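Here the structure is laid out as structure tokens; the discussion comes afterwards.
Protein chains: 4
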Amino acid sequence: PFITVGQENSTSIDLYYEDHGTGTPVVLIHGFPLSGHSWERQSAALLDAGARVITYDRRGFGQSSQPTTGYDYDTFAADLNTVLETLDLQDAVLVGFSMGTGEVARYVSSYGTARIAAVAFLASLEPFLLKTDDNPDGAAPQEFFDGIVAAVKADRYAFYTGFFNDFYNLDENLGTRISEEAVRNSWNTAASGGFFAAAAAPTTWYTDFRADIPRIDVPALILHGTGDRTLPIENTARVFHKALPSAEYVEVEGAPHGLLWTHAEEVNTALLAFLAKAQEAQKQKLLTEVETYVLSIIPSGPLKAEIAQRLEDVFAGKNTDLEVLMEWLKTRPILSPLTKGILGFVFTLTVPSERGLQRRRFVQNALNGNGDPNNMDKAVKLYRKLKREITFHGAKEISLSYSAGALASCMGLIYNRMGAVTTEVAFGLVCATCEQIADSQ
Amino acid sequence: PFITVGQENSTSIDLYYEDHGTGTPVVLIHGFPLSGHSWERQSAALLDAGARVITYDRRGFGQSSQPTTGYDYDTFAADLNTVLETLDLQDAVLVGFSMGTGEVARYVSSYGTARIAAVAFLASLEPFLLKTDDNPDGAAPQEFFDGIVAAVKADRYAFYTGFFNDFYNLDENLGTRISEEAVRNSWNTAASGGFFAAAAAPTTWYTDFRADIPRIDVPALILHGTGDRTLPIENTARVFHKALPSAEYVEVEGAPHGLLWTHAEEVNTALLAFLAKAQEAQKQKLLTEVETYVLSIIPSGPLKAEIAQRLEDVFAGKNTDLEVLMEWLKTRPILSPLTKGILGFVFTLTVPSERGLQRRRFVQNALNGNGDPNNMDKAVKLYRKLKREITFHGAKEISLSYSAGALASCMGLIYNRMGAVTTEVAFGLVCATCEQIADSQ
Amino acid sequence: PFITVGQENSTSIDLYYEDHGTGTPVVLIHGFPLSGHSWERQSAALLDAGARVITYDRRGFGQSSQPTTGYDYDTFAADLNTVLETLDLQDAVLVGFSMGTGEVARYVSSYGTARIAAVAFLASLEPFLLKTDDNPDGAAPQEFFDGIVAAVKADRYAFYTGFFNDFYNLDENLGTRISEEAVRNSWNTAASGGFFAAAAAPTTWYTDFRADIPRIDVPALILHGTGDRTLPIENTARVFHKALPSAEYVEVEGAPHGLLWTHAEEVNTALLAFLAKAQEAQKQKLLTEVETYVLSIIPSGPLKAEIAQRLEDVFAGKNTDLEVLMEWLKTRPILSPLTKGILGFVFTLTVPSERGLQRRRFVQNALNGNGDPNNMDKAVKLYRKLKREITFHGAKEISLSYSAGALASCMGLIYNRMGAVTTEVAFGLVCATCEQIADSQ
Amino acid sequence: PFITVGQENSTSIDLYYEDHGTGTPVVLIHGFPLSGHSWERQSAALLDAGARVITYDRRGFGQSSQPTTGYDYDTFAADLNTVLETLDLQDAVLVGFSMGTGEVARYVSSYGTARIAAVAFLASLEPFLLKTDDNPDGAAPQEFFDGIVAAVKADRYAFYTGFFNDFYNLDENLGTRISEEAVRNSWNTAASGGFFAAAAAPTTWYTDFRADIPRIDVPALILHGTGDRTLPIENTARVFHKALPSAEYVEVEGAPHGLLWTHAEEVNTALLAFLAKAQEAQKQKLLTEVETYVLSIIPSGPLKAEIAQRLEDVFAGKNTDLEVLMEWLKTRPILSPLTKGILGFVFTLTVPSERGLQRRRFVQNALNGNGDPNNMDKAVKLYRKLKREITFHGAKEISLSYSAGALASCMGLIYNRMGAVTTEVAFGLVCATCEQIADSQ
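Residue numbers (the authors' numbering), protein chains in the order written: chain I, 1 to 441; chain D, 1 to 441; chain F, 1 to 441; chain H, 1 to 441.
Given below as structure tokens:
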């Protein structure tokens with residue numbers, strides 16, 4: 001798959017990308033001289049943990065186009081922007097490794113954090129690698145970088161060999177943490193990037209990210225290997241955390257630069273916990289959004305208070321005897337049978353422990369729709385469309401083009417297991433039907 | 001509630017009707033000069049016994065319109081037709097009392113028995129009250145009826161008094177079988193009917209129903225009070241049973257014309273047993289047809305023997321513990337999940353008492369059409385057509401034009417109470433599905 | 001007239017209601033086994049006293065539909081809710097008699113007192129008729145109620161006779177307080193209710209209203225006959241007042257259950273004093289409400305003080321010489337001609353005696369809508385709508401959808417006697433106009 | 001080139017495919033973890049032998065998309081279906097290797113053999129690799145497969161190395177049958193497949209194909225290497241042939257799993273001979289179909305008998321002196337000149353030895369069409385379309401949209417060498433013209 005980010009002479013500039021899984025979107029930004037595929041150990045874990053995984057190849061690398069233009073962090077950040085806007089990513093996590101950490105800082109800084117829930121920096125460039133008078137903690141002098149450029153231009157192929165040596169601490173990790181075959185794959189990936197991009201990339205490494213850091217708005221994770229030969233932890237991660245004290249901070253003991261493979265475990269575990277925290281917050285936000293829509297249907301009073309409390313408790317994972325919950329709902333006076341069905345539906349969907357409880361007649365009767373075939377026809381049409389949705393908003397939006405009667409019947413289809421849909425899409429459906437009903441009052 | 005049956009000058013002609021309970025529809029057609037409310041003792045019993053009770057007021061009576069037109073049995077039968085078609089009554093029982101027995105005969109005769117499961121005649125006019133040369137068993141000469149008309153026109157109010165006397169055998173039954181207050185209510189009801197209808201009604205009483213009787217297609221009950229002063233049992237019920245030997249026949253010893261109140265018991269008991277028996281008999285026949293189709297899907301062996309025995313036992317009306325039945329089915333080895341779903345479905349449909357058992361997950365999963373939207377789309381289309389069917393063969397026939405996947409999903413739709421059809425149509429659906437599956441093997 | 005409250009099978013459930021008089025709305029809720037018409041002695045008094053009288057027939061009674069469903073106080077209260085919402089009743093008084101007192105408590109309790117100014121309980125069920133361990137003051141054991149049900153099912157017609165005996169204390173009151181004809185009417189009314197409702201009603205009588213009582217928010221009146229044989233004053237009214245000490249409380253010495261007829265006087269006098277207090281307050285509010293809107297258009301200063309004082313004096317009923325008032329207004333400096341017209345209009349409307357004063361040119365010129373035909377067209381359209389309004393708020397609401405120019409012209413139309421509306425509707429019109437004008441400033 | 005088979009989140013699922021050569025379509029379905037390019041030794045032979053070669057990359061492999069969904073044989077078979085339908089393949093041969101043999105069985109089984117002339121199974125999975133109680137001949141227990149999955153997830157790169165070892169019997173074949181460079185290419189191909197697909201693939205290997213096998217309708221070839229370490233010939237090919245006795249069956253002595261490369265020769269030779277047989281069978285079928293169309297034109301009688309016999313003899317390759325044949329035809333009484341032309345045309349087309357015989361005047365006169373330019377115009381238009389056809393049916397179908405006159409003229413164009421078309425397309429043309437003529441009679 002490709003996203004077009006610009007034009008070079010007669011040709012467009014296209015970025016290779018992939019889009020896997022369902023749930024909260026997590027965007028992985030690779031390092032030099034590798035591609036989106038270098039995240040494979042992390043992607044698998046994220047997929048299993050229940051996230052939507054987005055990867056892409058930076059211009060000049062992997063399967064992306066290989067222009068001789070736009071090798072700088074503003075362009076790279078603009079490239080990223082195009083991806084985020086193209087996919088309409090909301091509430092996204094940005095994870096950068098090495099070079100990728102430059103994108104994360106520069107994007108956040110320039111474009112802000114409207115689409116962004118959290119950020120993570122792994123084997124970071126930050127805050128400023130160039131050793132100057134005003135930057136004493138800098139890792140190397142300018143002459144040093146000039147050297148790498150010269151080395152890549154001389155023989156990039158041979159260059160990759162010595163680079164992956166220190167990249168992976170092969171003298172320590174070969175035949176242990178990393179196989180010879182895994183290293184072979186990395187060299188092949190690098191050899192496949194553009195000649196021009198290879199030599200141009202190292203000039204972007206001493207970009208000054210010092211003014212980007214105060215812009216970091218959202219929860220952040222900083223993660224570095226203490227055995228990093230490529231980006232000395234002392235000139236990078238350690239001075240970066242001083243600049244961003246608020247960042248959650250993890251040192252990987254004796255981990256090299258290429259810690260994504262050698263220490264995938266330690267990497268995935270830190271990432272997943274941080275992500276789980278962020279995911280929980282996202283779930284809470286969704287619940288509040290779902291809760292507000294659900295409550296909009298209920299007449300104001302003490303009953304509305306009880307229901308809200310129950311919703312909140314189930315959402316917080318505390319309430320859980322569905323059989324007791326459903327009986328309570330069933331026996332509530334004043335509540336409309338339809339509103340009882342909607343709540344019935346919501347509780348069975350959100351409660352963790354459904355156990356072995358059969359579906360409820362009172363809900364079935366409330367949602368089914370009087371048995372009008374025209375109504376049922378439209379509910380089936382909606383269901384067909386919802387089956388293709390993966391987001392709450394997309395689901396909610398298409399649902400709003402249907403009548404309240406067709407919507408309730410559609411909910412019944414799902415409730416009765418006659419059709420099946422993801423929880424977040426089911427939420428969107430429910431909320432559209434609540435909105436329609438509330439709006440009619 | 002009203003149903004419009006026609007137009008008189010600037011005004012429409014509306015029939016007052018009521019629609020109570022759930023289950024098999026039973027239509028009660030009142031006598032002169034009373035209304036649908038005169039059935040109150042019978043309605044209560046039928047409601048308790050688990051029937052859907054429909055009553056209406058004949059034109060010119062009770063709360064119906066009071067035109068000066070359409071006082072004849074073809075119009076009265078056409079009126080009834082409009083009611084049946086308006087409500088889309090399927091598999092209905094028609095019960096007539098006195099005048100009402102004229103509707104039953106004439107409707108059946110002219111319009112046929114497509115919607116009609118059984119008929120009942122209480123205190124019947126049949127076969128022909130007019131005493132002629134060709135009708136020797138006739139109850140009275142023409143001059144006698146001419147007399148009643150003249151009497152009603154003279155003072156209908158005073159007339160009702162002497163009429164209810166003989167109607168109820170008040171000289172015997174007052175303060176005993178019937179209260180003075182109950183009689184007062186009857187007079188009030190009569191006084192409330194239209195003046196024109198009161199005088200016009202008695203001209204319809206010597207309608208010749210002799211050619212209607214051979215048309216009676218379906219199981220019938222004939223019931224008469226031996227103390228009937230209004231319709232002599234000897235000129236009516238007794239010669240009627242000769243004309244329809246096949247009719248089930250009940251004499252109420254010393255019961256008057258107004259036996260609905262005075263002998264409600266004896267009335268309700270005969271009615272309820274007949275009501276019960278008809279469904280079972282036809283139900284038994286249907287079960288025996290269905291069993292062969294159902295068994296055709298099961299592999300030969302001892303298990304097939306157990307299932308057949310269970311089918312036969314539920315079909316023969318041994319009320320089985322559905323919960324125990326369903327668990328047994330669920331835990332059967334070798335049986336395909338789909339076959340288990342079909343049997344699961346059949347057992348819940350045929351078992352006398354579901355006892356408020358929640359629907360079963362194993363059946364729902366088996367009959368979900370794989371959650372395929374195309375299957376579900378076709379299942380909904382089939383359902384639309386099945387909604388218009390009233391017979392096992394018609395239902396089975398249209399079902400055979402659909403794929404096994406769409407058929408199973410359709411069964412799921414019904415099982416989940418997302419749609420509804422009559423039991424016999426449901427049988428046709430299950431048998432088409434069984435035929436399709438068996439045929440694939 | 002009917003209000004639809006639900007659906008039973010193929011038929012809707014409609015409540016018969018009436019809507020008489022003008023002024024503060026008073027809703028009368030009848031007792032068993034009677035109808036809205038049983039309030040006729042009270043309605044006449046309320047109409048003469050200047051109230052808007054709303055009556056309706058409970059489901060299963062009088063001219064309402066006769067379903068075999070919804071015989072319970074939550075449904076009855078929901079029925080009432082539908083009526084109140086359908087008519088958009090504001091600032092309403094709820095008066096219940098016997099069974100009706102159950103509606104009042106349950107509605108107030110569940111739905112709250114937003115539309116409700118005051119409540120009255122006459123011959124109350126409250127707080128809990130069932131005699132139990134936890135309810136010692138209960139009037140009878142469960143077996144006793146079971147008995148009534150059995151009696152009604154046996155012969156409701158005969159039952160009504162003995163019931164009205166004790167209902168009215170006929171052994172005391174016949175030929176004295178109540179005529180034989182009045183009693184005959186009551187029996188006829190009862191005999192006309194639904195058979196099913198008659199037997200189902202007595203099961204609702206031992207509803208526990210104990211948790212409803214603390215919810216009673218608004219001023220209340222409790223009224224009971226000390227000779228009540230149907231609802232013993234000692235198990236009802238007397239323990240009810242303990243539960244609601246705040247309630248105004250009236251014992252009618254030797255009055256039976258059916259005190260609405262036998263003691264209409266004592267009943268109407270207590271009711272009218274309490275209501276009169278409430279009505280006076282409402283009148284004051286209306287004048288005060290009008291006054292605030294009227295004053296909002298006048299610039300702050302000593303003149304605004306004089307005007308306010310004059311308004312208050314005419315509102316308080318000091319009959320003012322309109323001629324003197326109008327001349328004063330006319331000659332006021334600083335006051336806009338339009339504002340003078342509005343005040344001119346208000347004063348002629350509120351002043352007790354116009355004394356045959358010709359309409360004023362200065363007002364006519366001020367309220368002519370600039371003689372613009374488009375304004376006049378819209379003014380006529382508004383007038384058409386206002387002709388159908390009976391309340392201040394309804395009138396004010398529709399008026400706000402019109403421009404200030406059309407509103408002023410409409411006022412002119414009324415001022416010139418070219419059209420006519422009720423005073424309260426006229427008030428709404430003037431206030432909408434004042435609001436529009438003030439809002440423009 | 002790509003064919004889209006579905007959608008994953010925001011991205012479509014595209015299969016990489018190639019389409020080479022002309023003639024009968026042969027579809028090659030690769031094995032794990034390789035791509036369509038692994039067939040290169042076979043493709044070259046098929047291309048030289050005169051077949052149309054179609055290859056594609058299974059989802060997750062080679063150049064196809066790499067979703068994290070649809071890794072199962074129903075999806076894989078549905079993928080294949082989309083390819084066949086997209087290309088409108090008629091009379092196709094399906095050849096599967098290893099994993100690919102699962103597609104062949106499942107497609108044939110579910111979708112049937114309408115487009116399919118023959119099938120071939122090389123290094124087959126069939127009939128069921130899982131060793132169970134009911135499957136004793138199974139190659140391994142479930143725990144064994146669970147192991148492979150675990151191994152791939154651990155390090156797929158390293159895994160490929162040991163896999164190709166046994167895949168190729170490198171201990172035997174390296175430096176002999178297979179070069180180190182050829183093996184290097186294979187590893188590169190595998191490393192290029194999707195990470196998720198790599199680990200998911202081995203779960204599809206113990207798919208039960210036992211119910212698919214009886215569905216195999218068309219001529220089949222089973223081919224296995226006796227030195228197969230990956231799929232033991234004893235648990236696969238040998239028990240598979242018992243299940244399909246009818247299959248032509250070839251053991252490659254001491255050939256490994258990767259016999260496509262190591263034993264390309266023995267592989268190509270068996271394949272080509274079978275393909276030739278299949279082609280001959282297809283030709284026989286075509287000859288019989290052609291014969292029926294051709295005979296439909298001839299009046300019944302002894303002449304029709306002679307002609308049929310001659311057709312059959314020429315079709316069976318026995319009759320061959322065209323000059324003698326054509327003279328016989330020419331001199332036949334009763335035969336229409338047009339029918340003589342059609343037969344003349346057919347015989348010159350089917351006879352192997354045309355020798356050096358000039359085209360015949362009697363045929364030319366019969367087919368030319370009277371020289372009407374409109375007729376000729378349409379014949380040229382048809383010819384343009386036929387030039388793009390490669391199948392008998394496609395040819396016959398477009399021909400049927402033309403008049404008999406235009407069709408005969410078109411036949412003349414071809415007969416006169418004014419245009420040129422493939423034999424099978426020429427057959428379709430002839431048969432359309434015969435059908436049209438016969439249909440006119």
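Every residue gets a Cβ at the ideal spot worked out from N, C-alpha and C, and that includes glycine.
Own chain residues within Cβ distance below 7 Å of residue i, not counting five before or after
| i | result |
| --- | --- |
| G50 of chain H | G23 |
| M376 of chain D | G369, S409 |
Proximity below 7 Å, CB of residue i to CB of residue j
| i | j | result |
| --- | --- | --- |
| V152 of chain H | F159 of chain H | yes |
| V83 of chain H | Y56 of chain H | yes |
| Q358 of chain D | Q358 of chain I | yes |
Burial state of residue i, where buried means 16 or more other Cβ atoms lie within 10 Å
| i | result |
| --- | --- |
| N374 of chain H | exposed |
| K318 of chain D | exposed |
| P127 of chain H | buried |
| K340 of chain D | buried |
| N235 of chain D | buried |
| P352 of chain D | exposed |
| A273 of chain H | exposed |
| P202 of chain F | buried |
Nearest-angstrom Cα separation, counted from residue j out to residue i
| i | j | result |
| --- | --- | --- |
| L386 of chain H | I398 of chain H | 8 Å |
| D91 of chain F | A114 of chain F | 8 Å |
| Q42 of chain H | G31 of chain H | 14 Å |
| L231 of chain F | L34 of chain F | 16 Å |
| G371 of chain I | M418 of chain D | 7 Å |
| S336 of chain D | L367 of chain D | 12 Å |
| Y111 of chain F | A77 of chain F | 9 Å |
| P219 of chain D | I116 of chain D | 10 Å |
Cross-chain neighbours of residue i in chain D, by beta carbon under 9 Å
| i | result |
| --- | --- |
| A420 of chain I | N368, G371 |
Contact list for residue i against chain I, beta-carbon separation under 8 Å
| i | result |
| --- | --- |
| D137 of chain H | Within 8 Å Cβ-Cβ: nothing; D137 of chain H doesn't reach chain I, min ~35 Å. |
Beta-carbon neighbours of residue i, restricted to chain F and to distances below 7 Å
| i | result |
| --- | --- |
| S179 of chain D | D155, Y157, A158 |
Chain I residues whose Cβ lies nearer than 7 Å to that of residue i
| i | result |
| --- | --- |
| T68 of chain H | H20, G21, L47 |
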